[PDB]
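Participant: Submitted below is the structure of interest, expressed as structure tokens.
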Amino acid sequence: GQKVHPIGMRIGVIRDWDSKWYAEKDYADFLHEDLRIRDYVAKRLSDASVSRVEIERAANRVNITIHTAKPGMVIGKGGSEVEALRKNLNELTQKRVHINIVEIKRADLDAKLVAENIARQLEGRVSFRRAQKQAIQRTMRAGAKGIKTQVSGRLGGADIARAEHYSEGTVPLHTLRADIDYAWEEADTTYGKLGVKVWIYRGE
Amino acid sequence: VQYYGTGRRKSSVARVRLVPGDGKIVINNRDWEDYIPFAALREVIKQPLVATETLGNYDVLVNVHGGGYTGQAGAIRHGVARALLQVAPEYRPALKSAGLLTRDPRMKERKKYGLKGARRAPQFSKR
Amino acid sequence: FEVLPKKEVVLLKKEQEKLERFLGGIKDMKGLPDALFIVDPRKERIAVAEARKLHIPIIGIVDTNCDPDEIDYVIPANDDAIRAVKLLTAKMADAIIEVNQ
Amino acid sequence: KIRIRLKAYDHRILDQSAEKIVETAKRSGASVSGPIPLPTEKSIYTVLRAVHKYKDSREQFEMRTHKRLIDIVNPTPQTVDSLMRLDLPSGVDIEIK
Amino acid sequence: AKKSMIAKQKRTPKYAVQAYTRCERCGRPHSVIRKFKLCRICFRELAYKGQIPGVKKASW
Amino acid sequence: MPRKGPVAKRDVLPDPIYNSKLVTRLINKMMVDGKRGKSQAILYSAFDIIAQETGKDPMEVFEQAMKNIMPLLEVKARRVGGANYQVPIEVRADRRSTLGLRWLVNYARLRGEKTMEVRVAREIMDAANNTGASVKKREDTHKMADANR
RNA sequence: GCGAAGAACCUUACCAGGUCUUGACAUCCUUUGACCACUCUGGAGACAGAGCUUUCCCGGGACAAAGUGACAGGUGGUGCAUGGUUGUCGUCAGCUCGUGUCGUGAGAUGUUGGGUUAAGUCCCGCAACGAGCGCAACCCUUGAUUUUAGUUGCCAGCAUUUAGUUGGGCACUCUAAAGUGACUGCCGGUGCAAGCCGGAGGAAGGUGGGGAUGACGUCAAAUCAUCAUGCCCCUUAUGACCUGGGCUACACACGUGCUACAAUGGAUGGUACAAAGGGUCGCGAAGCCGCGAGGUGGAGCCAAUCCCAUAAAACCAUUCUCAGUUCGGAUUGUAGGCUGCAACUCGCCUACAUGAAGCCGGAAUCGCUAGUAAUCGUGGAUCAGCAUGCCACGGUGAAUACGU
Ligand SMILES: [Mg+2]
Ligand SMILES: [Mg+2]
Ligand SMILES: [Mg+2]
Ligand SMILES: [Mg+2]
Ligand SMILES: [Mg+2]
Ligand SMILES: [Mg+2]
Ligand SMILES: [Mg+2]
Ligand SMILES: [Mg+2]
Ligand SMILES: [Mg+2]
Ligand SMILES: [Mg+2]
Ligand SMILES: [Mg+2]
Ligand SMILES: [Mg+2]
Ligand SMILES: [Mg+2]
Ligand SMILES: [Mg+2]
Ligand SMILES: [Mg+2]
Ligand SMILES: [Mg+2]
Ligand SMILES: [Mg+2]
Ligand SMILES: [Mg+2]
Ligand SMILES: [Mg+2]
Ligand SMILES: [Mg+2]
Ligand SMILES: [Mg+2]
Ligand SMILES: [Mg+2]
Ligand SMILES: [Mg+2]
Ligand SMILES: [Mg+2]
Ligand SMILES: [Mg+2]
Ligand SMILES: [Mg+2]
Ligand SMILES: [Mg+2]
Ligand SMILES: [Mg+2]
Ligand SMILES: [Mg+2]
Ligand SMILES: [Mg+2]
Ligand SMILES: [Mg+2]
Ligand SMILES: [Mg+2]
Ligand SMILES: [Mg+2]
Ligand SMILES: [Mg+2]
Ligand SMILES: [Mg+2]
Ligand SMILES: [Mg+2]
Ligand SMILES: [Mg+2]
Ligand SMILES: [Mg+2]
Ligand SMILES: [Mg+2]
Ligand SMILES: [Mg+2]
Ligand SMILES: [Mg+2]
Ligand SMILES: [Mg+2]
Ligand SMILES: [Mg+2]
Ligand SMILES: [Mg+2]
Ligand SMILES: [Mg+2]
Ligand SMILES: [Mg+2]
Ligand SMILES: [Mg+2]
Ligand SMILES: [Mg+2]
Ligand SMILES: [Mg+2]
Ligand SMILES: [Mg+2]
Ligand SMILES: [Mg+2]
Ligand SMILES: [Mg+2]
Ligand SMILES: [Mg+2]
Ligand SMILES: [Mg+2]
Ligand SMILES: [Mg+2]
Ligand SMILES: [Mg+2]
Ligand SMILES: [Mg+2]
Ligand SMILES: [Mg+2]
Ligand SMILES: [Mg+2]
Ligand SMILES: [Mg+2]
Ligand SMILES: [Mg+2]
Ligand SMILES: [Mg+2]
Ligand SMILES: [Mg+2]
Ligand SMILES: [Mg+2]
Ligand SMILES: [Mg+2]
Ligand SMILES: [Mg+2]
Ligand SMILES: [Mg+2]
Ligand SMILES: [Mg+2]
Ligand SMILES: [Mg+2]
Ligand SMILES: [Mg+2]
Ligand SMILES: [Mg+2]
Ligand SMILES: [Mg+2]
Ligand SMILES: [Mg+2]
Ligand SMILES: [Mg+2]
Ligand SMILES: [Mg+2]
Ligand SMILES: [Mg+2]
Ligand SMILES: [Mg+2]
Ligand SMILES: [Mg+2]
Ligand SMILES: [Mg+2]
Ligand SMILES: [Mg+2]
Ligand SMILES: [Mg+2]
Ligand SMILES: [Zn+2]
């Protein structure tokens with residue numbers, strides 16, 4: 001049986017959209033400009049541990065917020081990387097772009113970051129069990145109420161693919177006021193392609 | 001000098017107003033036999049005034065919209081029942097005894113995907 | 001007094017009823033008892049076995065069909081009826097009363 | 001004699017914006033008529049759930065637009081200046097006639 | 001043949017009725033909604049991510 | 001095998017003109033495609049014909065006919081030893097009236113006059129005099145039960 | 001009636017013929033920096049040949065023509081190497097853990113037994129006492145109602161008009177934010193209890209109606225053709241461009257539907273009552289013309305305002321009078337209407353003519369437990385045009401359930 005995307009089940013219920021702008025007659029072009037912005041930002045700040053990007057619009061003016069774990073790489077020594085990004089985004093959109101940076105405290109409590117971590121260990125040939133268990137350990141000692149991870153694919157370069165999952169605490173997926181974060185990332189292996197799924201049930 | 005009631009049935013809603021008079025029923029500025037040319041519908045509409053013995057003491061002027069003719073009649077009946085309930089508290093048992101104060105809750109259901117209706121399903125064949 | 005809208009009346013009341021019915025007067029058991037009194041070791045084999053595992057001495061009236069070797073201070077008698085059990089229990093209780101003062 | 005129409009995808013931020021506009025207009029002006037709730041408009045998008053087969057398994061999505069209307073009757077320079085100088089949240093769309 | 005298909009769809013056609021629509025993320029010809037310019041699959045995944053404003057899963 | 005027990009029963013309403021539930025059940029049994037008004041007017045016209053010809057109220061004529069075409073015994077299938085056989089059984093009151101109305105309408109639709117009001121009126125009048133298609137339908141049902149008793 | 005929420009050209013991946021080779025699509029290289037657009041000649045078109053021609057900005061950059069690689073390009077294969085997404089049992093009721101006890105041990109108990117429930121839902125027993133993910137609740141909608149708010153909504157008491165029109169007012173419907181309300185809560189019986197049968201009040205009574213929600217697992221189930229990807233193949237061709245055809249073929253068999261076989265009906269005339277939706281390179285009113293499909297005309301609208309927009313069954317009169325017919329509409333002949341460069345293969349619609357089978361369907365088989373089935377219309381996505389399909393909306397509105 002299939003499950004519904006836990007984030008999709010909570011958009012508008014207890015969660016919020018990542019694109020907080022309203023438009024009519026200029027909706028498709030705004031949407032695809034936002035998609036291009038997101039892709040270009042994701043391809044530039046790859047190794048900066050970026051957790052979330054949100055975009056807003058108001059009268060020929062694009063505001064971008066980048067929730068990231070370590071702002072020192074994003075916000076440079078005095079504004080080198082930020083201004084390079086802003087100029088490139090200006091040339092990409094032909095608008096006026098203002099870039100705002102915030103820092104994620106307790107970065108082990110965010111699902112995308114831990115999924116990136118597990119994918120990075122798996123790409124570096126670290127046993128899947130070790131990576132999953134250690135990520136669970138750190139996430140739980142960071143103050144979570146529940147963690148669940150699974151890794152699926154040609155595990156260890158075998159001929160037949162399978163999936164293995166581990167958990168600690170509780171993750172109630174059917175409760176609507178439960179605030180589960182969720183992330184899926186791919187690891188690029190010489191044997192194929194591996195998938196890492198992470199559910200984090202926080203206090204809310 | 002005016003007793004008001006609001007009736008509803010299916011998607012029909014009716015503003016019923018009741019004034020002392022002779023028995024003249026008015027529906028949407030149209031006569032109640034010209035608006036309703038059948039007879040059983042008139043019987044069901046005047047059930048609330050027959051349950052109690054106050055049939056000919058009142059005039060009802062109504063303002064209905066939504067739904068169809070039987071829905072029109074049901075909404076009118078509910079509205080006049082509530083107006084009579086407003087006239088005197090002692091009418092409350094009798095109108096409750098015939099179920100004329102209940103607003104009928106059953107409304108048309110929802111079309112479901114994979115089905116041809118609310119419940120009707122496609123024809124099934126093993127082979 | 002009220003913390004739930006209606007779940008108190010629905011659940012909590014029967015919860016206390018059943019819990020106190022099972023528990024009795026041991027709501028303030030500070031530690032393990034220094035002795036036990038058993039009406040009969042046949043119908044209460046679980047209790048006497050559990051006490052034996054804890055090496056706690058026991059005292060109990062038994063019938064002609066009970067096991068006396070498990071109780072170290074066995075006192076066979078007629079555990080049926082009411083007067084005999086009440087008399088033996090009252091004797092043991094006012095006996096402990098005259099010494100615990 | 002001044003019309004304002006506010007439209008958004010959720011009623012919380014739009015409620016805040018409408019109440020704030022009413023507050024500022026009352027402060028710097030003389031009169032205002034309370035926000036009339038215009039009917040919300042919703043559109044439904046039915047999409048096949050699978051990638052290849054399975055017509056009978058689908059998924060509905062929806063999109064709702066919430067609207068409010070405000071009138072200022074006694075227009076004064078302070079009221080107009082304060083209303084035009086407001087900074088409404090992003091995601092709430094304002095139209096002044 | 002996919003990049004040639006996308007490039008030909010982007011080019012101005014010889015006749016006005018020659019023109020058709022493709023999904024702007026993946027160059028898919030069928031099932032393209034034209035408020036979003038997205039095929040059904042890209043629409044579904046972007047809606048689950050939360051990157052299409054206003055749209056939410058419909059319960060009603 | 002599942003069924004969890006007896007179920008509730010429907011609560012029909014007395015007719016606005018002839019204040020009886022059985023008239024309502026007959027009207028419902030004649031209904032087609034949810035057209036209450038057509039069958040209702042047809043029944044009113046048929047009772048007009050009855051009152052015109054016989055000269056008495058149509059309600060007692062209708063009740064006499066229904067009393068004359070309600071069954072008592074009926075044949076039901078029983079599967080024993082790998083073979084199915086017909087056997088006698090007695091109907092409840094509800095099934096009694098149900099079969100009466102079903103046969104009345106079924107054999108009134110099969111008569112040979114121009115309209116439907118005439119067909120219904122003639123079938124009712126025949127049933128009130130122990131004659132007609134609906135009358136013989138319960139005669140053999142009594143016969144079929146006896147031959148397998 | 002599955003991908004396909006729109007195959008005349010395009011889509012298009014297939015075929016025939018005509019053409020191209022660092023390339024239709026990307027980065028870097030080397031010279032030039034705005035190239036493209038336009039006119040005419042030839043050609044079915046792709047393409048070639050002449051003129052006007054190309055206006056980068058502040059050495060940077062993205063665009064731009066030429067020549068050359070490094071490279072690009074595959075809807076090519078393997079779903080039995082994969083990621084992701086989905087079906088199915090099935091919204092079926094299960095899947096486990098902590099601390100104790102019983103076993104030499106793997107293990108067991110709780111989770112077995114009797115009742116009850118929609119349910120591992122709950123009760124009573126019982127060497128177990130509890131908890132967690134699944135059930136239930138939190139979310140959406142519908143049925144009653146209070147406060148806040150009265151325009152584009154409503155019109156009662158008032159003047160007005162072809163008209164709720166204009167004045168005037170939020171009284172009433174309505175709209176939409178926040179609350180209230182239902183819990184076997186109270187009564188009688190029954191039971192040790194859970195519970196079961198009836199009763200009161202109430203808009204609503206036994207999780208009130210309906211959604212979203214799919215645990216652990218099964219089928220090497222579906223998809224390399226939405227996407228991505230290991231490995232294996234092609235590289236003057238398995239890549240790329242074009243015009244024409246094909247996916248619409250037809251002795252036949254199966255699946256899902258639409259229209260009927262008539263009097264509860266056909267034709268003609270009159271005449272009521274909805275809901276949910278769509279509209280700015282868009283919806284398109286009045287008036288005039290046409291037998292009709294339509295044409296013309298341009299009002300009001302970025303819309304609770306204007307348009308789509310005639311609801312149809314139902315009801316009332318006249319007629320037909322049981323007839324393969326005043327039923328039924330296939331099939332074919334002629335004349336037209338729109339969209340589009342273009343309607344032959346192969347669009348939809350109209351007028352006149354023609355008027356096939358078909359008399360309620362064999363063995364057999366399907367759906368449905370209430371505003372349901374049955375029936376009547378309406379809107380939307382895809383969309384220049386094209387649906388009897390799909391997804392939603394209301395009007396009228398049943399029969400039956402003894403039982404396993
Ligand atoms: Mg499933
Ligand atoms: Mg998902
Ligand atoms: Mg998931
Ligand atoms: Mg998988
Ligand atoms: Mg009126
Ligand atoms: Mg009116
Ligand atoms: Mg009136
Ligand atoms: Mg009038
Ligand atoms: Mg209504
Ligand atoms: Mg559904
Ligand atoms: Mg279907
Ligand atoms: Mg089918
Ligand atoms: Mg079959
Ligand atoms: Mg689709
Ligand atoms: Mg899909
Ligand atoms: Mg399926
Ligand atoms: Mg479902
Ligand atoms: Mg590709
Ligand atoms: Mg097209
Ligand atoms: Mg019943
Ligand atoms: Mg009726
Ligand atoms: Mg189907
Ligand atoms: Mg086809
Ligand atoms: Mg071609
Ligand atoms: Mg390649
Ligand atoms: Mg392989
Ligand atoms: Mg394959
Ligand atoms: Mg696979
Ligand atoms: Mg498979
Ligand atoms: Mg296969
Ligand atoms: Mg798979
Ligand atoms: Mg295989
Ligand atoms: Mg199973
Ligand atoms: Mg199982
Ligand atoms: Mg089990
Ligand atoms: Mg066992
Ligand atoms: Mg449970
Ligand atoms: Mg649930
Ligand atoms: Mg309402
Ligand atoms: Mg009751
Ligand atoms: Mg309902
Ligand atoms: Mg509910
Ligand atoms: Mg296979
Ligand atoms: Mg299978
Ligand atoms: Mg198979
Ligand atoms: Mg296959
Ligand atoms: Mg490939
Ligand atoms: Mg691919
Ligand atoms: Mg495929
Ligand atoms: Mg394939
Ligand atoms: Mg495709
Ligand atoms: Mg169908
Ligand atoms: Mg049909
Ligand atoms: Mg005809
Ligand atoms: Mg007519
Ligand atoms: Mg109407
Ligand atoms: Mg409307
Ligand atoms: Mg349209
Ligand atoms: Mg229309
Ligand atoms: Mg309409
Ligand atoms: Mg013939
Ligand atoms: Mg033809
Ligand atoms: Mg043609
Ligand atoms: Mg054609
Ligand atoms: Mg003709
Ligand atoms: Mg001929
Ligand atoms: Mg014949
Ligand atoms: Mg015939
Ligand atoms: Mg069946
Ligand atoms: Mg059922
Ligand atoms: Mg139908
Ligand atoms: Mg029809
Ligand atoms: Mg229709
Ligand atoms: Mg229909
Ligand atoms: Mg329609
Ligand atoms: Mg349509
Ligand atoms: Mg169309
Ligand atoms: Mg259709
Ligand atoms: Mg057609
Ligand atoms: Mg249909
Ligand atoms: Mg049953
Ligand atoms: Zn796509």
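In the structure tokens, each chain is lettered A, B, ... as it comes, each chain's residues begin at 1, and ligands are numbered from 1 in order of appearance.
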Could you pull out all residues of chain B with a DSSP call of helix (DSSP H, G or I) and give them as a short mmCIF file (atom, residue, chain, number, x, y, z; two decimals) with N, CA and C atoms, in the first residue's frame?

Facilitator:
data_model
loop_
_atom_site.label_atom_id
_atom_site.label_comp_id
_atom_site.auth_asym_id
_atom_site.auth_seq_id
_atom_site.Cartn_x
_atom_site.Cartn_y
_atom_site.Cartn_z
N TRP B 32 -52.12 30.87 -4.87
CA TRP B 32 -51.58 29.61 -4.37
C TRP B 32 -52.15 28.41 -5.11
N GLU B 33 -53.22 28.60 -5.87
CA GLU B 33 -53.71 27.60 -6.81
C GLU B 33 -53.12 27.79 -8.20
N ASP B 34 -52.74 29.02 -8.55
CA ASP B 34 -52.01 29.26 -9.79
C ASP B 34 -50.55 28.87 -9.66
N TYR B 35 -49.95 29.07 -8.49
CA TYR B 35 -48.58 28.62 -8.26
C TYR B 35 -48.52 27.11 -8.11
N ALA B 40 -52.60 17.48 -3.90
CA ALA B 40 -51.91 16.85 -2.78
C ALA B 40 -50.82 17.75 -2.21
N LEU B 41 -50.18 18.55 -3.07
CA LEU B 41 -49.20 19.52 -2.58
C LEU B 41 -49.86 20.56 -1.69
N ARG B 42 -51.07 21.01 -2.06
CA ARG B 42 -51.79 21.94 -1.20
C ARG B 42 -52.15 21.28 0.13
N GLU B 43 -52.53 20.00 0.09
CA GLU B 43 -52.82 19.28 1.33
C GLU B 43 -51.60 19.21 2.24
N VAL B 44 -50.43 18.88 1.68
CA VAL B 44 -49.24 18.79 2.51
C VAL B 44 -48.84 20.17 3.01
N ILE B 45 -49.08 21.23 2.22
CA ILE B 45 -48.76 22.57 2.68
C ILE B 45 -49.66 22.99 3.84
N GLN B 47 -51.21 20.98 5.96
CA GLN B 47 -51.12 20.12 7.14
C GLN B 47 -50.87 20.86 8.45
N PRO B 48 -49.93 21.81 8.55
CA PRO B 48 -49.71 22.47 9.85
C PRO B 48 -50.93 23.22 10.37
N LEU B 49 -51.75 23.79 9.48
CA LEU B 49 -52.95 24.48 9.91
C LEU B 49 -54.11 23.54 10.19
N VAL B 50 -54.01 22.28 9.78
CA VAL B 50 -55.05 21.30 10.07
C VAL B 50 -54.74 20.50 11.33
N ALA B 51 -53.46 20.28 11.64
CA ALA B 51 -53.09 19.56 12.85
C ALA B 51 -53.70 20.22 14.08
N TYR B 69 -40.70 22.01 -7.14
CA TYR B 69 -42.04 22.31 -6.63
C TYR B 69 -42.33 21.58 -5.32
N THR B 70 -41.96 20.30 -5.23
CA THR B 70 -42.15 19.60 -3.96
C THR B 70 -41.25 20.16 -2.87
N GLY B 71 -40.04 20.59 -3.23
CA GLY B 71 -39.20 21.30 -2.28
C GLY B 71 -39.80 22.62 -1.87
N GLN B 72 -40.39 23.35 -2.82
CA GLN B 72 -41.14 24.56 -2.51
C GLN B 72 -42.18 24.28 -1.44
N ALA B 73 -42.98 23.23 -1.64
CA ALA B 73 -44.06 22.91 -0.72
C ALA B 73 -43.54 22.51 0.65
N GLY B 74 -42.48 21.69 0.69
CA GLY B 74 -41.93 21.29 1.98
C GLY B 74 -41.38 22.46 2.77
N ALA B 75 -40.66 23.36 2.09
CA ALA B 75 -40.15 24.55 2.76
C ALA B 75 -41.29 25.42 3.28
N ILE B 76 -42.35 25.58 2.49
CA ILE B 76 -43.50 26.37 2.93
C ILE B 76 -44.13 25.75 4.17
N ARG B 77 -44.28 24.42 4.17
CA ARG B 77 -44.88 23.73 5.31
C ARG B 77 -44.04 23.93 6.57
N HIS B 78 -42.72 23.79 6.45
CA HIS B 78 -41.86 23.99 7.61
C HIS B 78 -41.95 25.42 8.13
N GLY B 79 -41.96 26.39 7.22
CA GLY B 79 -42.04 27.78 7.64
C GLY B 79 -43.34 28.11 8.36
N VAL B 80 -44.47 27.64 7.82
CA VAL B 80 -45.74 27.94 8.48
C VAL B 80 -45.83 27.22 9.81
N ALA B 81 -45.26 26.01 9.91
CA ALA B 81 -45.24 25.32 11.20
C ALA B 81 -44.46 26.12 12.23
N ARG B 82 -43.30 26.66 11.85
CA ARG B 82 -42.52 27.46 12.80
C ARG B 82 -43.23 28.76 13.16
N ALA B 83 -43.91 29.38 12.20
CA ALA B 83 -44.66 30.60 12.50
C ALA B 83 -45.79 30.32 13.49
N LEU B 84 -46.51 29.21 13.29
CA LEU B 84 -47.54 28.82 14.25
C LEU B 84 -46.93 28.54 15.62
N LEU B 85 -45.76 27.91 15.64
CA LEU B 85 -45.06 27.70 16.91
C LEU B 85 -44.76 29.03 17.59
N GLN B 86 -44.45 30.06 16.81
CA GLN B 86 -44.23 31.38 17.39
C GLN B 86 -45.53 31.98 17.92
N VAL B 87 -46.66 31.69 17.28
CA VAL B 87 -47.94 32.29 17.69
C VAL B 87 -48.26 31.94 19.14
N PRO B 89 -47.06 29.05 22.45
CA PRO B 89 -46.24 27.90 22.88
C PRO B 89 -47.00 26.59 22.95
N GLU B 90 -48.29 26.63 23.25
CA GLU B 90 -49.07 25.41 23.45
C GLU B 90 -49.23 24.59 22.17
N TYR B 91 -48.93 25.16 21.01
CA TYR B 91 -48.92 24.39 19.78
C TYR B 91 -47.72 23.45 19.67
N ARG B 92 -46.74 23.59 20.57
CA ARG B 92 -45.50 22.83 20.42
C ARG B 92 -45.69 21.32 20.44
N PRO B 93 -46.48 20.72 21.34
CA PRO B 93 -46.64 19.25 21.27
C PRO B 93 -47.24 18.77 19.96
N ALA B 94 -48.37 19.37 19.53
CA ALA B 94 -49.07 18.87 18.35
C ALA B 94 -48.18 18.90 17.12
N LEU B 95 -47.53 20.04 16.86
CA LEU B 95 -46.62 20.12 15.73
C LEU B 95 -45.45 19.15 15.87
N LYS B 96 -45.04 18.87 17.11
CA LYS B 96 -44.00 17.87 17.32
C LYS B 96 -44.53 16.46 17.15
N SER B 97 -45.83 16.25 17.39
CA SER B 97 -46.39 14.91 17.29
C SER B 97 -46.43 14.41 15.85
#

Participant: Pick out the residues no farther than 6 Å from ligand 3, counting only C-alpha atoms (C1' of nucleotides) and all ligand atoms, and list them as a ChimeraX atom specification.

Facilitator: /A:3-5

Participant: So what do you get for CA of residue 14 in chain A versus CA of residue 165 in chain A, distance-wise?

Facilitator: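 So the two atoms, CA of residue 14 in chain A and CA of residue 165 in chain A, lie 27.0 Å apart.
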
Participant: Show me, as a list in words, every residue of chain C with an atom at most 10 Å from chain G, counting only C-alpha atoms (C1' of nucleotides).

Facilitator: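 Within 10 Å of chain G on chain C, we get residues 5, 6, 7, 9, 10, 46 and 50 of chain C.
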
Participant: Keeping only N, CA and C atoms, write the selected residues to a file as an mmCIF file, in the first residue's frame.

Facilitator:
data_model
loop_
_atom_site.group_PDB
_atom_site.id
_atom_site.type_symbol
_atom_site.label_atom_id
_atom_site.label_comp_id
_atom_site.auth_asym_id
_atom_site.auth_seq_id
_atom_site.Cartn_x
_atom_site.Cartn_y
_atom_site.Cartn_z
ATOM 1 N N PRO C 5 -13.803 17.728 28.900
ATOM 2 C CA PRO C 5 -15.205 18.124 28.703
ATOM 3 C C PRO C 5 -16.182 17.035 29.117
ATOM 4 N N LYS C 6 -16.022 15.832 28.566
ATOM 5 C CA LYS C 6 -16.852 14.709 28.970
ATOM 6 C C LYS C 6 -16.066 13.418 29.165
ATOM 7 N N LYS C 7 -14.829 13.325 28.664
ATOM 8 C CA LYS C 7 -14.050 12.102 28.833
ATOM 9 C C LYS C 7 -13.826 11.741 30.295
ATOM 10 N N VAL C 9 -16.214 11.808 32.794
ATOM 11 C CA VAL C 9 -17.355 10.955 33.112
ATOM 12 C C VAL C 9 -17.312 9.660 32.311
ATOM 13 N N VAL C 10 -16.863 9.727 31.057
ATOM 14 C CA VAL C 10 -16.878 8.548 30.194
ATOM 15 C C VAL C 10 -15.894 7.492 30.692
ATOM 16 N N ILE C 46 -0.939 -18.420 43.054
ATOM 17 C CA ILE C 46 -0.097 -17.375 42.476
ATOM 18 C C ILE C 46 0.520 -16.524 43.578
ATOM 19 N N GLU C 50 4.467 -16.382 44.543
ATOM 20 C CA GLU C 50 5.162 -15.103 44.448
ATOM 21 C C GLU C 50 5.828 -14.739 45.769
#

Participant: For chain A, which of D:38, D:70, D:50, D:32 is the closest residue, counting only C-alpha atoms?

Facilitator: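 The shortest atom-to-atom distance to chain A comes from D:50.
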
Participant: Could you list, as a list in words, all residues that come within 12 Å of ligand 53? Count only C-alpha atoms (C1' of nucleotides) and all ligand atoms.

Facilitator: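 These are the residues that qualify: residues 33 of chain F; 257, 258, 259, 260, 374, 375, 376 and 388 of chain G.
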
Participant: For ligand 65, list the contacting residues at 10 Å or closer, counting only C-alpha atoms (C1' of nucleotides) and all ligand atoms, as a PyMOL selection string.

Facilitator: chain G and resi 351-355

Participant: Please identify all polymer residues within 12 Å of residue 60 in chain D, counting only C-alpha atoms (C1' of nucleotides), omitting same-chain residues fewer than 4 positions from it, and present them as a PDB file with C-alpha atoms (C1' of nucleotides), in the first residue's frame.

Facilitator:
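Below is the file selection_38.pdb, written as the result:
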ATOM      1  CA  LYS B 112     -17.418   9.867  -6.482  1.00  0.00           C
ATOM      2  CA  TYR B 113     -14.654   9.255  -9.014  1.00  0.00           C
TER       3      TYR B 113
ATOM      4  CA  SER D  43     -11.671  25.598  -8.284  1.00  0.00           C
ATOM      5  CA  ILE D  44     -11.070  21.839  -8.365  1.00  0.00           C
ATOM      6  CA  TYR D  45      -8.367  19.947 -10.280  1.00  0.00           C
ATOM      7  CA  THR D  46      -8.763  16.176 -10.695  1.00  0.00           C
ATOM      8  CA  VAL D  47      -5.578  14.335 -11.671  1.00  0.00           C
ATOM      9  CA  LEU D  48      -4.743  10.694 -12.344  1.00  0.00           C
ATOM     10  CA  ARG D  49      -2.696   9.336  -9.454  1.00  0.00           C
TER      11      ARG D  49
ATOM     12  CA  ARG E  40      -0.321  16.260 -14.222  1.00  0.00           C
ATOM     13  CA  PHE E  43       1.758  19.369 -10.916  1.00  0.00           C
ATOM     14  CA  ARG E  44       1.179  16.647  -8.320  1.00  0.00           C
ATOM     15  CA  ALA E  47       1.808  20.588  -5.086  1.00  0.00           C
ATOM     16  CA  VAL E  55      -3.520  24.936  -4.098  1.00  0.00           C
ATOM     17  CA  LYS E  56      -4.020  22.356  -1.356  1.00  0.00           C
ATOM     18  CA  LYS E  57      -5.275  18.786  -1.275  1.00  0.00           C
ATOM     19  CA  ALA E  58      -9.052  18.870  -1.687  1.00  0.00           C
ATOM     20  CA  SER E  59     -11.080  17.070   0.973  1.00  0.00           C
ATOM     21  CA  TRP E  60     -14.724  18.268   0.572  1.00  0.00           C
TER      22      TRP E  60
ATOM     23  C1'   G G 211     -15.099  12.939   2.207  1.00  0.00           C
ATOM     24  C1'   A G 212      -9.550  13.226   2.789  1.00  0.00           C
ATOM     25  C1'   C G 391     -15.046  14.859 -13.685  1.00  0.00           C
ATOM     26  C1'   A G 392     -18.783  17.599 -10.844  1.00  0.00           C
TER      27        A G 392
END

Participant: Taking the backbone alone, and naming residues the way the document does, which bits of range 8-81 of chain D are strand (DSSP E) by DSSP, as a PyMOL selection string?

Facilitator: chain D and resi 8+33-48+58-72

Participant: Name the residues, by chain letter and number, that sit within 10 Å of ligand 73 using only C-alpha atoms (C1' of nucleotides) and all ligand atoms, and give them as a count of residues only.

Facilitator: 4

Participant: Could you pull out the residues sitting within 8 Å of ligand 60, using only C-alpha atoms (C1' of nucleotides) and all ligand atoms, and write them as a PyMOL selection string?

Facilitator: chain G and resi 309-311+378-379

Participant: Taking only C-alpha atoms (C1' of nucleotides) into account, report as a ChimeraX atom specification which residues of chain A lie within 12 Å of chain G.

Facilitator: /A:1-6,8-14,24-25,87-88,91-92,146,151-155,157-163,167-178,184-197

Participant: Using only C-alpha atoms (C1' of nucleotides) and all ligand atoms, which residues of the polymer chains come no farther than 12 Å from ligand 40? I'd like the answer as a PyMOL selection string.

Facilitator: chain G and resi 184+186-187+197-202+204-206

Participant: Output as a VMD selection string the set of chain D residues within 9 Å of chain A, with distances taken over only C-alpha atoms.

Facilitator: chain D and resid 7 to 10 90 to 93

Participant: So that each row is one residue of chain E with an atom at most 6 Å from chain A, can you give its shortest atom pair and the distance in Å to one decimal, using only C-alpha atoms, rows by chain and rising number, as a Markdown table?

Facilitator:
| residue | atom | partner | partner_atom | distance |
| --- | --- | --- | --- | --- |
| E:36 | CA | A:28 | CA | 4.9 |
| E:48 | CA | A:8 | CA | 4.2 |
| E:50 | CA | A:17 | CA | 5.2 |
| E:51 | CA | A:18 | CA | 5.5 |
| E:53 | CA | A:19 | CA | 5.7 |
